[PDB]
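Novice:
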Amino acid sequence: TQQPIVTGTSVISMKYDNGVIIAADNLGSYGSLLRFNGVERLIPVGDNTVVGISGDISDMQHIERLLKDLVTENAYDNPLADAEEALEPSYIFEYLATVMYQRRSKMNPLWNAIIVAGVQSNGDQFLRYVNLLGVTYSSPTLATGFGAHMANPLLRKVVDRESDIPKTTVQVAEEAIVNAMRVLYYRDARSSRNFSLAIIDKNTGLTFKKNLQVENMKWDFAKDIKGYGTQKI
Amino acid sequence: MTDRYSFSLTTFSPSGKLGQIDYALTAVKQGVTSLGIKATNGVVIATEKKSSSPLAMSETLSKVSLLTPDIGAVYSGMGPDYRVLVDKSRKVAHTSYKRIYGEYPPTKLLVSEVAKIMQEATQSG
Amino acid sequence: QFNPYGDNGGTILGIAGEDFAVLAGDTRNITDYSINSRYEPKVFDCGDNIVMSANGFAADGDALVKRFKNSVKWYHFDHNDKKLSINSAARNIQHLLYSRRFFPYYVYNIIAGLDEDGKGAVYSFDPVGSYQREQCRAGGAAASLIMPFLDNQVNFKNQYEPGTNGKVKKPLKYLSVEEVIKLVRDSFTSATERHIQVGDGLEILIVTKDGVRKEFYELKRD
Amino acid sequence: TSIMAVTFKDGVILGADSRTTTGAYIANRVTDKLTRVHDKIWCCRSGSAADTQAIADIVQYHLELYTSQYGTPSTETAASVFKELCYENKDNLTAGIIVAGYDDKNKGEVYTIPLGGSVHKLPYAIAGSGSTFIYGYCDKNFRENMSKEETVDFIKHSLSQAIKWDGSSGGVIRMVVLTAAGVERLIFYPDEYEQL
Amino acid sequence: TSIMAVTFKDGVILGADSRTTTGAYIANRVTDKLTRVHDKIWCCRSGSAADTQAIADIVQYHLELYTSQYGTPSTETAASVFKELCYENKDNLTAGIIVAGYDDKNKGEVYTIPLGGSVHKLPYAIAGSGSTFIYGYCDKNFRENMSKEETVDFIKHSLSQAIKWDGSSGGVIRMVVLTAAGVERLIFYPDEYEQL
Amino acid sequence: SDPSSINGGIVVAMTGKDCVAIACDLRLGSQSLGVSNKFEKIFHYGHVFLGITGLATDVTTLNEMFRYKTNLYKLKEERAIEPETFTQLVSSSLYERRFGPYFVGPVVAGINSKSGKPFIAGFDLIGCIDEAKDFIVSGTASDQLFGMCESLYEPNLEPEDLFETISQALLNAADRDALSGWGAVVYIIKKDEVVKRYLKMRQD
Amino acid sequence: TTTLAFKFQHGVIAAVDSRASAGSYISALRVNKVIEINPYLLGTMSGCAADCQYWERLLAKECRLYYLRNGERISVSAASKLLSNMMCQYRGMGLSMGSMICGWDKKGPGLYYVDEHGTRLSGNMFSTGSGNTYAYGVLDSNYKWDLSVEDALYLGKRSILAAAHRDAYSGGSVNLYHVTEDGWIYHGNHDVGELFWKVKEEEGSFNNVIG
Amino acid sequence: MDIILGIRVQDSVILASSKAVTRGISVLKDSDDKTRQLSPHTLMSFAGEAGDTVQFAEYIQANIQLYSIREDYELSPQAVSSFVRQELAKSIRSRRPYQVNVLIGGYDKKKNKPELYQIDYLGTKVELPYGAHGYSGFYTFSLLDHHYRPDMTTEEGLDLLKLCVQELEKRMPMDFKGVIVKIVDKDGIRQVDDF
Amino acid sequence: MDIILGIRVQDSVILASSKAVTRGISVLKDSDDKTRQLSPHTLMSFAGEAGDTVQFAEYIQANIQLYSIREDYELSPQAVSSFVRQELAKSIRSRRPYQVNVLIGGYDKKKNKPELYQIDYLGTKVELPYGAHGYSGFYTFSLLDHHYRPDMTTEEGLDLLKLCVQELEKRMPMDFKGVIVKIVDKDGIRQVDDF
Amino acid sequence: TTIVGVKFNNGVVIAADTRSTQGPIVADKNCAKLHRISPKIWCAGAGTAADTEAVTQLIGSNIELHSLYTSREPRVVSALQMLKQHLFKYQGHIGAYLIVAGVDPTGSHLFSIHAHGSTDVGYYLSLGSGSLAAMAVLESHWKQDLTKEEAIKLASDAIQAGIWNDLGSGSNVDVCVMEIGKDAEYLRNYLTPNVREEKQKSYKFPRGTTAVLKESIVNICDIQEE
Ligand SMILES: O=C(C[C@H](C(=O)O)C1CCCCC1)Nc1ccc2ccc(-c3nc(-c4ccccc4)cs3)cc2n1
Ligand SMILES: [Cl-]
Ligand SMILES: [Cl-]
Ligand SMILES: [Mg+2]
Ligand SMILES: [Mg+2]
Ligand SMILES: [Mg+2]
Ligand SMILES: [Mg+2]
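Chains M, O, L, b, N, W, K, X, J and V supply the protein sequences, listed in that same order. Reminder that position 93 of the first sequence reads as 93 in PDB author numbering, one-by-one numbering, no gaps. Reminder that position 29 of the second sequence reads as 29 in PDB author numbering, one-by-one numbering, no gaps. Reminder that position 9 of the third sequence reads as 9 in PDB author numbering, one-by-one numbering, no gaps. Reminder that position 60 of the fourth sequence reads as 60 in PDB author numbering, one-by-one numbering, no gaps. Reminder that position 171 of the fifth sequence reads as 171 in PDB author numbering, one-by-one numbering, no gaps. Reminder that position 160 of the sixth sequence reads as 160 in PDB author numbering, one-by-one numbering, no gaps. Reminder that position 147 of the seventh sequence reads as 147 in PDB author numbering, one-by-one numbering, no gaps. Reminder that position 96 of the eighth sequence reads as 96 in PDB author numbering, one-by-one numbering, no gaps. Reminder that position 40 of the ninth sequence reads as 40 in PDB author numbering, one-by-one numbering, no gaps. Reminder that position 96 of the tenth sequence reads as 96 in PDB author numbering, one-by-one numbering, no gaps.
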């Protein structure tokens, strides 16, 4: 049993017709202090998977190393490591889920909430969540922390059920994700303007975008707001 | 200070009269005429706007007053006494009825409450 | 302090027929007031004509099911591909649950299938391993809403024959699979109205001598 | 919250952020923490929004009644009324208030009233959760008798850093200028102050 | 405690105060918080003195053994050994360590390891109870590729303010310069830095 | 311990076609111990009916209180109180004890003597009104009653059909509650006739 | 829960109720609170269901192994002791189990009470659970050793009924057992609702209740 | 205190109350009468927290005696029981409630009927053919449920009461030092001196 | 359990132990023998937490019986009491101590003397002419202090014991359901079947 | 609960959902969360239901008396001030969280108020358990110079977000529009997107199914003449 120290906020994601999108800001908070501003919380595994992590950053760095070691280990005595016997998103997720549930069962959890986004061998989209309790679930949209409360409602307007996935394009899905990140910047006190976004497509592969910023923000209306009720000046 | 008049100012005289009430009725007699007529599908109340000066804006002085959405009042006698009775009548309709039953009081019960206030000014210290 | 347990909501229902059995459950997964998934399967085909659902804390439920599926696999290896009877599976599950008497699987588990005489069977478990064979059992969030309705409409409790005035009970006539599915759908539609954790979808697994069939029905998403 | 008040040559300027939080959720991102209690006596509020609003409302009432009887009150008098409420009700309040005002006789003055209900007259004051991160910057960069433009830059730069490090602070930077010329409201948006 | 480490053109400089407290009592006013784990790999310690001493001693042992087998270790390698101890024993430790070192290949590097056991490579780092008061100052005044003299002034000015506002910090300002030229120790007394 | 579940009991009310129904169990207990099988929880003030679940001392007290208030209402207004008006009186009276409440779950049922419109309403212990069209539930088996009522109920039932629906809702809900049962009563209410029926149920 | 068991001339009677509760909610109307260990041994259940089932089905394993090793049936005394020794290992760990081991052996009919503390008591009559006080009243005033099998079965049945009526956590149905030297005999499941009305009429008891 | 029982038969009400009083680990008295005569045909037994019991009982007694003198009339058992209930319901929301449970046995001279009322410290009133407070009912109600008839004689009521006390003496862990038994009928209140 | 008494007279040791066993609010048994014969001339009575008492007593019994067989010799009461004390002193610092208090009554055949040892759960041993555990001594020691002589006969010891039980029955709040009395002398151990 | 408030060109609009809960259970599927303080001043409330209604009726009663005393139409700032001072006094123990809106001779106004007594001003606000789902919509789609029709849409879309995504919110959408120079229009059940589907079976029983012991006529009439 511990408590999280340096933390990362929301991770948001959604499925679209040819793949998945996942995003997360670049902040490492130390309570109310916005301590670290250059933290990457999306970690690619090969060219078909991206693991997005929230919660304790020290535990994230530990998971990051487990995944790096998983790639090394899979290549051992494996001539098809870059082909048929390469790591799949489902393999990577089940491994993490096994680790998370084992750690909670020893009362020494990895204080995280994880989303594994990727595309399988057969082109199927993969999107599943796992957390410090070993709890797992899948949905067309997935988000952690504040993203669950604010991002999912916006992303579910695009993909409300399974049948909406083929009707959703990558431009629409990316637009929705970027809008959601702006909303979280408006309303989450532990968020930052700077973020990373990753797209895993079954045709165009893995596109990893860094140093993105929230833009097109509305603040002008603030000038007209005066006092808290009766004040006019 | 302190209100040291804790005794009645209205008392029975040897003949059984309550002087201050009789004298109050005499003040009402000197007052401007007001009337009320009940119809089958309504009631009307009326009075004269006796303006004290032509420079005065008599629209600002309301002799006929709304007590509830379905109850109105008019008077004859001393205007200031009426004004404060209307204030109390409006309030008692809320405190002793609407805040309890969620609806406005019936005419007879609001009248009963106003009457009680006027009776107490006839016996209290 | 770290709390190793959680509540993922959900509600399940098992009914045993004369020569069939059903195990139903909603597909909504939740934490507190948020929805995690509108479709997260909760009732599983475990092989050997046995269906299972571990309702409560999803992490423990997935672990138990995963372990039981594994126990079926090793039963075949160890005993010459013998079919695991429903009564044998029930007893096995008791021992899986009691292996954690002091750090329990936070789930109420139900299995369904056919007994060795071909009749419908449902077995019901508590988190620590007490189990018993039953005819009707609702488990989970809205269990208290559903079970009284099943006592009334399946076992005809408090129902008497008109004219006798309480002297003669209503006779316990057997129900068809179509009749049972109606009671299941109405149970979940009523639960969905009055319980916030119930909704989104309903998945039913029907077990007969022919095998395991699935049926899905939408529920309100509010 | 990040709030400050700074005296300069022509008077005094108050400054504040616009973030109000309930835990990590931002309940209001365009809050007005610069509150008027008299024509040229304003306050910056920190702590419980309920407590600081209730106090400032009562103070505004006291100074309105003071003015009706005795004429325009001093900034010191306003700070005393704040203090009396904050000190006598210290067990049931969580209020950190900075009082700032302009007289023609006394010119610009600043009084800070922290949690206990004590009063401290200063050349400038900083308060709120975000103030901790700018004690060093403000001490190094503050000068007496600055110009209006210099003072605006000082507050803008200071609160910019407070906002940068404090999650409880953010949004726009509001400012109120108090001089003989009158009362001027200013506002500075994220795209302006973040690039400083 | 107020500690910091800053990279510059010719290498890296570590800086620290010298105060150790037991509550409000100053148990030691001339503490040396700049600790050597290898010839040109040093650390700044904050938190439990017992924990940080025990850790730095074990790290020094690990790097001495590393050197005997594999030659001079990197600053990254030293930070990893610190991290491994701080992360795996996070339940029983209270240690906030900054690691700083000089290579000829990598030049000056700085790694900070906060309470949880995470690692963060940075151009400069600040830590300790007094660091909170200089986030604004340090962010505004730090530049990359400063000279030795500029970097010494930056640390001196920064820690001067940290000491000024933090009661848990004080005494002298110790500094350690890590370059190709060697290892230089510096010290600055109250009468020098207080008047800045 | 929990005052709202020491004595146990339930109440349910339903609307029908030109009629209403209200029913209650008869149990009173001290936690596990059954004390009385004749503790009726439904009272009437003229033509307005009131069912009360929860702490038995407060049930008894509130009945005596609403008898007090309705008797005075009648002397002054020169007419019997209506259900809509009584509902507001119950809410007002409960909220006046906002920080020292009666641990009860009241249920009003009746037909307006002028409009002929059926009326039911429920309250929390603090006075919040729930003016439902269909049904109202209260007690230790309210979850059970919600399940029965939500599935058995259909609108515009005739008095003799409504009787069967509400009786079965109560009986089967009570048989899944340890703290309810030991008898049951059902009131069937029409504009100018009221029938009261005691049900036969298991006594365990 | 209400369970009882008593020795008499013609063996031992065992009677239990059938209710299971989760707070105020009745989670089960009909649970079996007697475990058939072997054809000559029974065990009642009170406390945690899981604990009673697990440890007594495990006692059956051990009583069966005894028979294979020694070619003889285990005594009631020895079986009760094996069970009490299992409880003694998880001493303090939080188990909740109250049971009466009923059987017939060489010494005649046997009855032992065993609980989670490791307690082990021999006696002619026992009753456990939330309703045991109500059952004891009926038993103490009507019990004789000279009881016929017919009357004894009724006593244990009527005693459970008394508890099912008053105790809120007791009810559902009554399960009866009679243990002879030739083994145990099940005497059926009796709904309390139907049984109550029947007993009231035939016996004249429960005058306070209207029917 | 501990034990109080009540039974209403054909023509009388019988109250049985324990004799023990305990302070710390010592039984101070084994002949305590836990009852007060409220009026010539109304008797109240009581049990609860130390001190509160007698104070409450005597306070009720004083009020009923005051009523009797004022009106020259005896209140019905029902009227007395309602007065007592209100006082307890009033008390439960006081600063320091009176922790007292009571049984009220009375003979109504108007209706020519015995009446037994059970009231707990919360103000929970119920009219019963037989009643008890605390755990007393856990041991005795099964016997009363079985043997009780409404047409029982006073002698039969006493015999059924003896059986209840015998069961209590067998299965209760506490020694309550026997009971004082009192009968309330048309002729008034009398004590059974041999029990 | 509750009550255990011991008295050493001229030529014997007498142990008296209560018969009651209580679970929850119900007395399950009123004929329980809270004693074990360790050897032909050594008897141990016991009282403490449920379960622990019998388990401990039987464990001690097994050890002494094992010793008797191995050496074909009966250990002296003193030797047995020391063995028991050590086991309790060992137990008190264990993960879960055995919460058991004992009296050991034995007749030493070598010295031709009766001996009574009192040992509590901590391992506190004392040799006494008369002893008790728990609250028993609070009621009985004043009588024993007054009436006890070391030259008393067995019959006189029983009479003084009856007086102690009578005083307990009068002033204790708990009903302990009488006592089983056993005598330990040169001829061995026997039970007084009428007491 | 999900409640919102949105300002527009010539007025203000508020909206709310219709579910009231007691834990996981739904007590009322069609609750009315929109309250009237005065004819053109309406408030929506979240938190403790009895408290939001009680504090609203009390201030509305005192506002009515104030309006009669002053011969003026009630102002929103008056209701705001009277509410916050009442709530502040009870230090959060009255669990009323409200969105207050209306029009008066001064113009159109929109405020929020928390249980402890703090008030806020805004062009768009949201309160309740579904406030985050609603605010996500408002932050995505709100703009300056909205029309009446655009604002009603935005408001009901914000409520829907709460209905679908928040378990504490559900059923229908209520709306009230307060435009300058007009009567306020209260649109009860403006949207009805959660109607229950037809049941598979009818559970109407045969007459005589329930066992009965006694029947009796209840005398509800008064004592009769003669
Ligand atoms: O023993 C008790 C409760 C205690 C009692 O009444 O004295 C209570 C005292 C008061 C505090 C609460 C506990 N309950 C028993 C007893 C025997 C039991 C035997 C079998 C069962 C089974 N329950 C399922 C099952 C149930 C629910 C869901 C799934 C499976 C199967 S078997 C449950 C049993 N429960
Ligand atoms: Cl504010
Ligand atoms: Cl040190
Ligand atoms: Mg210092
Ligand atoms: Mg029962
Ligand atoms: Mg001792
Ligand atoms: Mg919802």
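All residues carry an ideal CB built from backbone N, CA and C; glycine is no exception.
1. Does the distance between the C-beta of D166 of chain V and the nearest non-hydrogen atom of ligand 7 fall short of 7 angstroms?
2. State the Cα-Cα distance for the pair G105 of chain J and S76 of chain J, rounded to the nearest angstrom.
3. From the DSSP output, in three-state form, read off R85 of chain X for me.
4. Pick helix, strand or coil for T209 of chain V, following the three-state DSSP scheme.
5. Is the beta carbon of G101 of chain N closer than 8 angstroms to that of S46 of chain N?
6. Return no unless some Cβ of chain K is closer than 8 angstroms to the Cβ of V128 of chain L.
7. Going by CA-CA distance only, name the one from M:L184, M:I199, M:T98 that's closest to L154 of chain M.
8. Considering only residues of the same chain and omitting the five flanking positions on each side of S4 of chain W, which have a CB-CB separation below 7 angstroms?
9. Are there any heavy atoms of ligand 1 lying less than 7 angstroms away from the beta-carbon of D210 of chain L, as far as the coordinates show?
10. Comparing alpha-carbon positions, which option in J:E71, J:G51, J:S39, J:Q78 lies nearest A62 of chain J?
11. Give me the subset of the segment 142 to 174 of chain V whose CB atoms are less than 7 angstroms from a CB atom of chain L, sorted by chain position.
12. In chain order, what residues have a CB nearer than 5 angstroms to some heavy atom of ligand 1?
13. May I ask you to report which of helix, strand or coil DSSP gives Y121 of chain J?
14. So what does DSSP say about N36 of chain L, is it helix, strand or coil?
15. When the cut-off is 8 angstroms and only beta carbons count, does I25 of chain X lie next to chain J?
16. At 3 residues or longer, and completely inside the segment 27 to 78 of chain X: list those beta strand (DSSP E) runs for me, N to C.
17. Would you mind working out which of L:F77, L:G139, L:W74, L:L202 sits nearest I110 of chain L, comparing C-alpha positions?
18. In chain order, what are the residues with a CB under 5 angstroms from some non-hydrogen atom of ligand 6?
19. Where do the ends of the alpha helix (DSSP H) carrying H35 of chain V lie?
20. I need the boundaries of the alpha helix (DSSP H) containing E144 of chain b, first residue and last residue.
21. Hey, which unbroken runs of the alpha helix (DSSP H) at 4 residues or more fall wholly within the segment 24 to 50 of chain K?
Specialist: Working from what's here:
1. yes
2. 11 angstroms
3. helix
4. coil
5. no
6. yes
7. M:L184
8. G54, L55, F103
9. no
10. J:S39
11. Here the close residues are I163, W164, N165, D166, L167, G168, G170, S171.
12. L:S124, L:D126, L:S130, L:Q132, K:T1, K:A20, K:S27, K:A28, K:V31, K:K33, K:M45, K:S46, K:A49, K:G129, K:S130, K:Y169
13. coil
14. The DSSP-derived three-state label of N36 of chain L is strand.
15. yes
16. Fully enclosed beta strand (DSSP E) runs of 3 or longer: 35 to 39, 42 to 48.
17. L:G139
18. J:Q118, J:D120, J:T124
19. Counting along the chain, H35 of chain V falls outside any alpha helix (DSSP H), though it belongs to the beta strand (DSSP E) covering 34 to 38.
20. Where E144 of chain b is concerned, there is no enclosing alpha helix (DSSP H), given that its DSSP letter is neither H nor E.
21. Whole alpha helix (DSSP H) segments, 4+ residues: zero.
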